[PDB]
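Enquirer: The file below is start30.pdb, PDB, C-alpha atoms and all ligand atoms:
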MODEL        1
ATOM      1  CA  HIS A   3      15.984  -2.174  -3.447
ATOM      2  CA  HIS A   4      13.423  -0.418  -5.739
ATOM      3  CA  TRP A   5      11.526   2.505  -4.214
ATOM      4  CA  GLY A   6       7.999   2.264  -2.911
ATOM      5  CA  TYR A   7       6.126   3.383   0.174
ATOM      6  CA  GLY A   8       7.118   0.703   2.697
ATOM      7  CA  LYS A   9       9.349   0.885   5.785
ATOM      8  CA  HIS A  10      12.401  -0.300   3.895
ATOM      9  CA  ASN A  11      12.030   1.600   0.569
ATOM     10  CA  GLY A  12       9.801   4.538   1.551
ATOM     11  CA  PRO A  13      10.145   8.253   1.042
ATOM     12  CA  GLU A  14      12.813   8.578   3.769
ATOM     13  CA  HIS A  15      15.108   6.351   1.762
ATOM     14  CA  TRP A  16      14.661   7.873  -1.722
ATOM     15  CA  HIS A  17      17.586  10.303  -1.434
ATOM     16  CA  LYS A  18      20.098   7.343  -1.615
ATOM     17  CA  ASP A  19      19.116   6.633  -5.249
ATOM     18  CA  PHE A  20      17.714  10.145  -6.112
ATOM     19  CA  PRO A  21      19.809  12.815  -4.346
ATOM     20  CA  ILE A  22      17.513  15.460  -5.771
ATOM     21  CA  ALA A  23      15.132  14.264  -3.046
ATOM     22  CA  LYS A  24      16.828  16.833  -0.773
ATOM     23  CA  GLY A  25      16.803  19.569  -3.439
ATOM     24  CA  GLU A  26      15.628  23.189  -3.080
ATOM     25  CA  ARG A  27      12.320  22.872  -4.944
ATOM     26  CA  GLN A  28      10.837  19.580  -3.766
ATOM     27  CA  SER A  29       7.130  18.790  -3.479
ATOM     28  CA  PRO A  30       4.660  18.403  -1.930
ATOM     29  CA  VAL A  31       4.547  21.263   0.584
ATOM     30  CA  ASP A  32       2.196  22.449   3.324
ATOM     31  CA  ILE A  33       0.179  25.489   2.073
ATOM     32  CA  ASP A  34       0.083  28.064   4.898
ATOM     33  CA  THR A  35      -2.932  30.135   3.874
ATOM     34  CA  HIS A  36      -2.057  33.137   5.976
ATOM     35  CA  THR A  37       1.394  33.445   4.335
ATOM     36  CA  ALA A  38       0.425  32.771   0.674
ATOM     37  CA  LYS A  39       0.532  36.156  -1.161
ATOM     38  CA  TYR A  40      -2.422  37.187  -3.302
ATOM     39  CA  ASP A  41      -1.037  38.147  -6.787
ATOM     40  CA  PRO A  42      -3.484  40.233  -8.894
ATOM     41  CA  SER A  43      -1.371  39.701 -11.962
ATOM     42  CA  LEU A  44      -2.113  35.962 -12.019
ATOM     43  CA  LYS A  45      -4.665  35.148 -14.760
ATOM     44  CA  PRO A  46      -7.622  32.788 -14.552
ATOM     45  CA  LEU A  47      -6.802  29.258 -15.516
ATOM     46  CA  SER A  48      -7.989  28.062 -18.919
ATOM     47  CA  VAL A  49      -8.858  24.358 -18.984
ATOM     48  CA  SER A  50      -9.877  22.986 -22.452
ATOM     49  CA  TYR A  51     -10.697  19.330 -22.109
ATOM     50  CA  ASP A  52     -13.702  19.121 -24.435
ATOM     51  CA  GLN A  53     -11.611  17.249 -27.038
ATOM     52  CA  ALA A  54      -9.832  14.981 -24.531
ATOM     53  CA  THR A  55      -9.067  11.458 -25.753
ATOM     54  CA  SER A  56      -8.439   8.893 -22.983
ATOM     55  CA  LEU A  57      -6.826   5.650 -24.100
ATOM     56  CA  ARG A  58      -5.962   3.380 -21.278
ATOM     57  CA  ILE A  59      -5.743   2.805 -17.539
ATOM     58  CA  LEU A  60      -2.657   1.146 -16.045
ATOM     59  CA  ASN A  61      -1.548  -0.110 -12.579
ATOM     60  CA  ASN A  62       2.185   0.806 -12.613
ATOM     61  CA  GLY A  63       2.853  -0.580  -9.145
ATOM     62  CA  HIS A  64       2.683   2.782  -7.346
ATOM     63  CA  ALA A  65      -0.709   4.205  -8.475
ATOM     64  CA  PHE A  66      -3.078   3.861 -11.448
ATOM     65  CA  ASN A  67      -2.682   6.215 -14.377
ATOM     66  CA  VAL A  68      -5.413   7.080 -16.942
ATOM     67  CA  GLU A  69      -3.458   8.054 -20.138
ATOM     68  CA  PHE A  70      -4.498  10.430 -22.871
ATOM     69  CA  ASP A  71      -3.529  10.876 -26.464
ATOM     70  CA  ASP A  72      -1.125  13.898 -26.374
ATOM     71  CA  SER A  73      -0.119  13.772 -30.114
ATOM     72  CA  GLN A  74      -2.049  17.008 -30.663
ATOM     73  CA  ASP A  75      -3.539  19.919 -28.746
ATOM     74  CA  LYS A  76      -6.690  18.033 -27.651
ATOM     75  CA  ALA A  77      -6.820  18.590 -23.809
ATOM     76  CA  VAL A  78      -4.707  21.605 -22.763
ATOM     77  CA  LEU A  79      -4.165  23.926 -19.871
ATOM     78  CA  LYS A  80      -3.018  27.513 -20.316
ATOM     79  CA  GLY A  81      -3.253  30.834 -18.464
ATOM     80  CA  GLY A  82      -2.881  31.011 -14.635
ATOM     81  CA  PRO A  83       0.873  31.389 -13.992
ATOM     82  CA  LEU A  84       1.738  29.600 -17.255
ATOM     83  CA  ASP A  85       3.329  30.844 -20.459
ATOM     84  CA  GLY A  86       2.484  28.640 -23.486
ATOM     85  CA  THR A  87       0.308  25.580 -23.765
ATOM     86  CA  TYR A  88       0.498  22.427 -21.737
ATOM     87  CA  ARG A  89      -1.014  19.183 -23.007
ATOM     88  CA  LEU A  90      -2.562  16.630 -20.643
ATOM     89  CA  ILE A  91      -0.737  13.318 -20.784
ATOM     90  CA  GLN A  92      -2.161  11.444 -17.762
ATOM     91  CA  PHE A  93      -3.951  11.742 -14.409
ATOM     92  CA  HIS A  94      -3.443   9.644 -11.233
ATOM     93  CA  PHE A  95      -4.276   9.718  -7.503
ATOM     94  CA  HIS A  96      -2.510   9.450  -4.128
ATOM     95  CA  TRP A  97      -4.686   8.091  -1.258
ATOM     96  CA  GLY A  98      -4.591   6.796   2.276
ATOM     97  CA  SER A  99      -5.326   3.675   4.258
ATOM     98  CA  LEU A 100      -7.759   5.850   6.340
ATOM     99  CA  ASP A 101      -9.904   8.830   5.478
ATOM    100  CA  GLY A 102      -7.768  11.191   7.573
ATOM    101  CA  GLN A 103      -4.738  10.912   5.328
ATOM    102  CA  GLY A 104      -3.836  10.408   1.702
ATOM    103  CA  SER A 105      -3.236  13.863   0.108
ATOM    104  CA  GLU A 106       0.332  15.019  -0.624
ATOM    105  CA  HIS A 107      -0.236  18.779  -0.298
ATOM    106  CA  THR A 108      -1.768  19.895   3.003
ATOM    107  CA  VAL A 109      -3.574  23.152   3.745
ATOM    108  CA  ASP A 110      -2.747  24.731   7.114
ATOM    109  CA  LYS A 111      -1.560  21.182   7.969
ATOM    110  CA  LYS A 112      -4.930  19.597   7.047
ATOM    111  CA  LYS A 113      -4.610  16.315   5.116
ATOM    112  CA  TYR A 114      -7.437  15.220   2.740
ATOM    113  CA  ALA A 115      -8.470  11.664   1.890
ATOM    114  CA  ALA A 116      -6.834  11.745  -1.528
ATOM    115  CA  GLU A 117      -5.300  14.029  -4.132
ATOM    116  CA  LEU A 118      -5.756  13.937  -7.897
ATOM    117  CA  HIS A 119      -2.878  14.978 -10.189
ATOM    118  CA  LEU A 120      -3.572  15.984 -13.822
ATOM    119  CA  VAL A 121      -0.116  16.020 -15.464
ATOM    120  CA  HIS A 122       0.560  18.333 -18.433
ATOM    121  CA  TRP A 123       3.768  18.984 -20.490
ATOM    122  CA  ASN A 124       4.898  22.260 -22.149
ATOM    123  CA  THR A 125       4.410  21.891 -25.931
ATOM    124  CA  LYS A 127       7.448  24.040 -26.718
ATOM    125  CA  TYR A 128       9.519  20.998 -25.706
ATOM    126  CA  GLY A 129       8.013  18.610 -28.239
ATOM    127  CA  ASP A 130       7.631  15.538 -26.013
ATOM    128  CA  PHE A 131       7.161  14.590 -22.325
ATOM    129  CA  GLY A 132      10.678  13.192 -22.063
ATOM    130  CA  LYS A 133      12.233  16.526 -23.100
ATOM    131  CA  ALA A 134       9.814  18.592 -20.979
ATOM    132  CA  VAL A 135      10.965  16.871 -17.699
ATOM    133  CA  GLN A 136      14.533  18.202 -18.292
ATOM    134  CA  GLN A 137      13.294  21.863 -18.083
ATOM    135  CA  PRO A 138      12.441  24.131 -15.165
ATOM    136  CA  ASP A 139       9.071  25.015 -16.756
ATOM    137  CA  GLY A 140       8.487  21.646 -18.507
ATOM    138  CA  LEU A 141       5.444  20.461 -16.543
ATOM    139  CA  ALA A 142       2.304  21.848 -15.012
ATOM    140  CA  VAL A 143       0.352  19.675 -12.525
ATOM    141  CA  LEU A 144      -3.214  20.559 -11.452
ATOM    142  CA  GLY A 145      -3.741  19.046  -7.982
ATOM    143  CA  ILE A 146      -7.326  18.621  -6.623
ATOM    144  CA  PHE A 147      -8.071  17.396  -3.123
ATOM    145  CA  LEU A 148     -10.724  14.770  -2.423
ATOM    146  CA  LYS A 149     -12.751  14.712   0.817
ATOM    147  CA  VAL A 150     -15.250  11.929   1.784
ATOM    148  CA  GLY A 151     -18.860  12.988   1.615
ATOM    149  CA  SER A 152     -21.237  12.566  -1.335
ATOM    150  CA  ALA A 153     -20.342  10.358  -4.338
ATOM    151  CA  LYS A 154     -18.796  11.990  -7.409
ATOM    152  CA  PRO A 155     -20.724  10.712 -10.439
ATOM    153  CA  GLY A 156     -17.921  11.428 -12.918
ATOM    154  CA  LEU A 157     -15.500   9.271 -10.942
ATOM    155  CA  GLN A 158     -17.602   6.078 -11.114
ATOM    156  CA  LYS A 159     -16.361   4.902 -14.498
ATOM    157  CA  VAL A 160     -12.864   4.889 -13.007
ATOM    158  CA  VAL A 161     -13.917   3.049  -9.849
ATOM    159  CA  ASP A 162     -15.616   0.366 -11.881
ATOM    160  CA  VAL A 163     -12.585  -0.732 -13.937
ATOM    161  CA  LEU A 164     -10.155  -1.016 -10.948
ATOM    162  CA  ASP A 165     -11.019  -4.738 -10.611
ATOM    163  CA  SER A 166      -9.490  -5.390 -13.995
ATOM    164  CA  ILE A 167      -6.086  -3.726 -13.190
ATOM    165  CA  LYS A 168      -5.704  -5.057  -9.688
ATOM    166  CA  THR A 169      -1.996  -5.848  -9.789
ATOM    167  CA  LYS A 170       1.156  -4.242 -11.060
ATOM    168  CA  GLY A 171       1.593  -4.240 -14.876
ATOM    169  CA  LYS A 172      -2.085  -4.796 -15.714
ATOM    170  CA  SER A 173      -3.771  -2.375 -18.114
ATOM    171  CA  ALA A 174      -7.207  -1.934 -19.660
ATOM    172  CA  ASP A 175      -8.620  -0.025 -22.594
ATOM    173  CA  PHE A 176     -10.249   3.120 -21.186
ATOM    174  CA  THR A 177     -11.729   5.299 -23.974
ATOM    175  CA  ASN A 178     -14.220   8.128 -23.919
ATOM    176  CA  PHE A 179     -13.605   9.181 -20.256
ATOM    177  CA  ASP A 180     -14.120  12.981 -19.815
ATOM    178  CA  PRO A 181     -11.943  14.523 -17.087
ATOM    179  CA  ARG A 182     -14.255  17.503 -16.869
ATOM    180  CA  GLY A 183     -16.377  15.364 -14.471
ATOM    181  CA  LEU A 184     -13.483  15.600 -11.932
ATOM    182  CA  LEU A 185     -13.348  19.420 -11.607
ATOM    183  CA  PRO A 186     -14.671  21.391  -8.676
ATOM    184  CA  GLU A 187     -16.957  24.335  -9.418
ATOM    185  CA  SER A 188     -14.320  27.052  -8.675
ATOM    186  CA  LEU A 189     -10.882  27.292 -10.314
ATOM    187  CA  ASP A 190      -9.317  29.540  -7.610
ATOM    188  CA  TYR A 191      -5.815  28.217  -6.805
ATOM    189  CA  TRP A 192      -2.455  28.409  -5.126
ATOM    190  CA  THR A 193       0.723  28.094  -7.219
ATOM    191  CA  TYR A 194       4.434  27.500  -6.523
ATOM    192  CA  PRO A 195       7.452  26.069  -8.349
ATOM    193  CA  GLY A 196       8.125  22.417  -7.345
ATOM    194  CA  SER A 197       8.882  18.845  -8.494
ATOM    195  CA  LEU A 198       7.421  15.429  -9.353
ATOM    196  CA  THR A 199       6.410  13.621  -6.114
ATOM    197  CA  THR A 200       7.819  10.227  -7.029
ATOM    198  CA  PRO A 201      11.275   9.294  -8.306
ATOM    199  CA  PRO A 202      12.924  10.724 -10.337
ATOM    200  CA  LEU A 203      11.695  13.749  -8.328
ATOM    201  CA  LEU A 204      12.706  16.189 -11.075
ATOM    202  CA  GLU A 205      12.225  19.879 -10.333
ATOM    203  CA  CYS A 206      10.350  20.665 -13.518
ATOM    204  CA  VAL A 207       6.828  21.434 -12.170
ATOM    205  CA  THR A 208       4.707  24.532 -11.827
ATOM    206  CA  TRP A 209       2.102  23.311  -9.308
ATOM    207  CA  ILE A 210      -1.467  24.574  -9.544
ATOM    208  CA  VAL A 211      -3.411  23.393  -6.490
ATOM    209  CA  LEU A 212      -7.154  24.136  -6.407
ATOM    210  CA  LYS A 213      -8.639  25.643  -3.278
ATOM    211  CA  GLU A 214     -11.966  23.737  -3.618
ATOM    212  CA  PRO A 215     -11.932  19.985  -2.930
ATOM    213  CA  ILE A 216     -14.301  17.582  -4.730
ATOM    214  CA  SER A 217     -16.321  15.091  -2.620
ATOM    215  CA  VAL A 218     -16.208  11.352  -3.157
ATOM    216  CA  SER A 219     -18.151   8.687  -1.284
ATOM    217  CA  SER A 220     -16.591   6.365   1.202
ATOM    218  CA  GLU A 221     -17.420   3.442  -1.064
ATOM    219  CA  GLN A 222     -15.605   5.124  -3.972
ATOM    220  CA  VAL A 223     -12.392   5.580  -1.914
ATOM    221  CA  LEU A 224     -12.760   2.020  -0.590
ATOM    222  CA  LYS A 225     -12.314   0.553  -4.083
ATOM    223  CA  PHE A 226      -8.993   2.425  -4.503
ATOM    224  CA  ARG A 227      -7.675   0.694  -1.395
ATOM    225  CA  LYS A 228      -8.290  -2.691  -3.035
ATOM    226  CA  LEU A 229      -5.526  -2.318  -5.605
ATOM    227  CA  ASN A 230      -2.203  -4.050  -5.149
ATOM    228  CA  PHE A 231       1.374  -2.770  -5.241
ATOM    229  CA  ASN A 232       2.473  -6.306  -6.130
ATOM    230  CA  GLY A 233       2.373  -8.164  -9.398
ATOM    231  CA  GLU A 234       0.117 -11.100 -10.136
ATOM    232  CA  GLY A 235       0.972 -14.253  -8.163
ATOM    233  CA  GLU A 236       3.161 -12.340  -5.645
ATOM    234  CA  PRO A 237       2.197 -11.938  -2.000
ATOM    235  CA  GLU A 238      -0.495  -9.313  -1.592
ATOM    236  CA  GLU A 239       0.394  -5.826  -0.449
ATOM    237  CA  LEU A 240      -2.592  -3.430  -0.690
ATOM    238  CA  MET A 241      -1.975  -0.164  -2.548
ATOM    239  CA  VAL A 242      -2.524   2.370   0.281
ATOM    240  CA  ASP A 243      -0.681   5.404   1.557
ATOM    241  CA  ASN A 244       1.177   6.079  -1.752
ATOM    242  CA  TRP A 245       1.793   9.720  -0.687
ATOM    243  CA  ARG A 246       5.009  11.626   0.016
ATOM    244  CA  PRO A 247       5.049  13.805   3.133
ATOM    245  CA  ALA A 248       5.390  17.604   2.924
ATOM    246  CA  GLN A 249       8.930  18.959   2.154
ATOM    247  CA  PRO A 250      10.555  22.205   3.294
ATOM    248  CA  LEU A 251       9.473  25.298   1.374
ATOM    249  CA  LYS A 252      13.008  26.685   1.501
ATOM    250  CA  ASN A 253      13.286  29.818  -0.611
ATOM    251  CA  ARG A 254       9.871  29.717  -2.342
ATOM    252  CA  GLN A 255       6.711  31.813  -2.083
ATOM    253  CA  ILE A 256       3.223  30.388  -2.576
ATOM    254  CA  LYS A 257       1.006  32.781  -4.565
ATOM    255  CA  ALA A 258      -2.810  32.752  -4.436
ATOM    256  CA  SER A 259      -5.113  33.638  -7.344
ATOM    257  CA  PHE A 260      -7.694  34.891  -4.795
ATOM    258  CA  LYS A 261      -8.099  36.680  -1.518
TER     259      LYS A 261
HETATM  260 MN    MN B   1       1.243  12.667  -8.298
ENDMDL
END
Please re-express this file's structure in structure tokens.
Ligand SMILES: [Mn+2]

Expert:
Amino acid sequence: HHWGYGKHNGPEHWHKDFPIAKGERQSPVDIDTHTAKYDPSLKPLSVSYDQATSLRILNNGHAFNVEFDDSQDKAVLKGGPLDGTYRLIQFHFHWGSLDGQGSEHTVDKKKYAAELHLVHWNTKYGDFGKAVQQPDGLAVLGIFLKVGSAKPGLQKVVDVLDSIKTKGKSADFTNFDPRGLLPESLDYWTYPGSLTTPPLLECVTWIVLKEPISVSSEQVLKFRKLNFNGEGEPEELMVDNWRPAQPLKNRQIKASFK
């Protein structure tokens, strides 16, 4: 029936409705650190989020998205392996039912407790919907989360989860600054890939940061309290909304560092 992360509609079934699931540039992947090639020609990333305008937070039944106003060049990403400017449209997370799993990308097969995705679209395309039809339409910044100390900048998000518990619920969410979610270092790995949920389009340049951010156990616990279901439907906790690693096939992972 419709896709999700259960036994009957989980990632292993997606190819029946979205054949691109078995495509040549699917994500996520395992990052083998010894085989990633250092590329001295890659430039430092440029993150400009000082003018970021968040608007709302929504439970879409598969994760929670914080959405931003992308009608102008307010929060953009440029540099790194990118040509042109990419505007932030939304961020969301993938997490596990246990601390030993939850991330989509893995590093030398290591899984983290969660993974944050900041989604950006190439402004040359004019809108998100046109950008997903292009090979260089999106740029996703992925950041791993490990359990340790609490992340202060994530608390405003944790606190509103109670109000968007079930599928379809949304809440006003203004003045949230995503700079509070960045690690200290911007060193990264990059490779050409796809969206990690249906429609699985191969329109993404992935930028995965080497340095994880720490969150407290209590912070991650509140994520696991969300529901996949809609209000008044039987309760299915929102946990393990991550796609396993896909074959690298003909792609090279490049590193901005050595
Ligand atoms: Mn994602």

Enquirer: For each of A:50, A:137, A:125, A:11, take the minimum atom-to-atom distance to residue 205 (chain A), counting all atoms listed in the file, then give the residue where this is smallest.

Expert: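 Looking at the shortest contact to residue 205 (chain A), the residue is A:137.
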
Enquirer: Under the PyMOL selection byres (((chain A and resi 214-218) around 10) and not hetatm), which residues of this model are included? Write them out as number ranges by chain.

Expert: A: 114-118, 145-158, 184-191, 211-213, 219-223

Enquirer: State, in Å with one decimal place, the distance from CA of residue 143 (chain A) to CA of residue 45 (chain A).

Expert: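 Separation of CA of residue 143 (chain A) and CA of residue 45 (chain A): 16.4 Å.
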
Enquirer: Could you give me the axis-aligned bounding box of region 66-80 of chain A, with 6 Å of padding per side, as centre plus edge lengths in Å to one decimal, as JSON?

Expert:
{"center_x": -3.5, "center_y": 15.7, "center_z": -21.1, "size_x": 18.7, "size_y": 35.7, "size_z": 31.2}

Enquirer: Show which residues sit within 10 Å of residue 229 (chain A), as a PyMOL selection string. Count all atoms listed in the file, and ignore same-chain residues fewer than 3 positions away.

Expert: chain A and resi 61+63-66+164-170+224-226+232+238-242

Enquirer: Rounded to one decimal in Å, what is the spacing between CA of residue 172 (chain A) and CA of residue 206 (chain A)?

Expert: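 Spanning CA of residue 172 (chain A) to CA of residue 206 (chain A) is a straight-line distance of 28.4 Å.
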
Enquirer: Within 6 Å of region 256-259 of chain A, counting only C-alpha atoms, which residues show up once you throw out same-chain ones fewer than 2 positions away? Write them as a ChimeraX atom specification, please.

Expert: /A:38-40,190-194

Enquirer: Taking into account only C-alpha atoms, which residue in the set A:171, A:181, A:101, A:201 is nearest to residue 159 (chain A)?

Expert: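 Comparing A:171, A:181, A:101, A:201 against residue 159 (chain A), the winner is A:181.
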
Enquirer: Would you mind listing, for every residue of chain A within 7 Å of ligand MN 1 (chain B), the two atoms forming the shortest contact and the distance between them in Å to one decimal, using all atoms listed in the file, sorted by chain and ascending residue number, as CSV?

Expert:
residue,atom,partner,partner_atom,distance
A:94,CA,B:MN1,MN,6.3
A:95,CA,B:MN1,MN,6.3
A:96,CA,B:MN1,MN,6.5
A:119,CA,B:MN1,MN,5.1
A:198,CA,B:MN1,MN,6.8
A:199,CA,B:MN1,MN,5.7

Enquirer: Find the nearest atom pair between each residue of region 151-251 of chain A and region 15-22 of chain A for residues within 8 Å, count all atoms listed in the file, give distances in Å to one decimal, sort rows by chain and ascending number, and present the table as a tab-separated table.

Expert:
residue	atom	partner	partner_atom	distance
A:201	CA	A:20	CA	6.9
A:202	CA	A:20	CA	6.4
A:203	CA	A:22	CA	6.6
A:204	CA	A:22	CA	7.2

Enquirer: Pick out the residues sitting within 12 Å of residue 75 (chain A), and hand them over as a list in words; count only C-alpha atoms, and ignore anything fewer than 5 positions along from it in its own chain.

Expert: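 Near residue 75 (chain A), the qualifying residues are residues 49, 50, 51, 52, 53, 54, 55, 70, 80, 86, 87, 88, 89, 90, 91, 122, 123, 124, 125, 127 and 129 of chain A.
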
Enquirer: So what do you get for CA of residue 14 (chain A) versus CA of residue 68 (chain A), distance-wise?

Expert: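 CA of residue 14 (chain A) sits 27.6 Å away from CA of residue 68 (chain A).
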
Enquirer: Hey, which of A:195, A:30, A:140, A:46 ends up closest to residue 249 (chain A)? Count only C-alpha atoms.

Expert: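 Closest candidate: A:30.
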
Enquirer: Point out the residue among A:27, A:252, A:36, A:227 with the least atom-to-atom distance to residue 197 (chain A), counting only C-alpha atoms.

Expert: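 Comparing A:27, A:252, A:36, A:227 against residue 197 (chain A), the winner is A:27.
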
Enquirer: I need the residue set behind the PyMOL selection byres (((chain A and resi 174) around 6) and not hetatm) for this file; please write it as a ChimeraX atom specification.

Expert: /A:58-59,173,175

Enquirer: Okay, now the selection with C-alpha atoms, as a compact mmCIF listing (two decimals), in the frame of the given file?

Expert:
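Wrote it out as out05.txt, contents follow:
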# COMPACT_ATOMS: atom_id res chain seq x y z
CA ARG A 58 -5.96 3.38 -21.28
CA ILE A 59 -5.74 2.80 -17.54
CA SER A 173 -3.77 -2.38 -18.11
CA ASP A 175 -8.62 -0.02 -22.59

Enquirer: Please provide the set of residues having any atom within 7 Å of residue 248 (chain A), restricted to only C-alpha atoms, with same-chain residues fewer than 4 positions apart removed, written as a list in words.

Expert: residues 29, 30, 31, 32, 106 and 107 of chain A

Enquirer: With all atoms listed in the file as the atoms that count, which of A:134, A:144, A:77, A:33 lies nearest to residue 255 (chain A)?

Expert: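 Once distances to residue 255 (chain A) are computed over all atoms listed in the file, the minimum belongs to A:33.
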
Enquirer: Identify all residues satisfying the PyMOL selection byres (((chain A and resi 113) around 7) and not hetatm) in the given file; provide them as JSON, numbers by chain.

Expert: {"A": [102, 103, 104, 105, 108, 111, 112, 114, 115]}
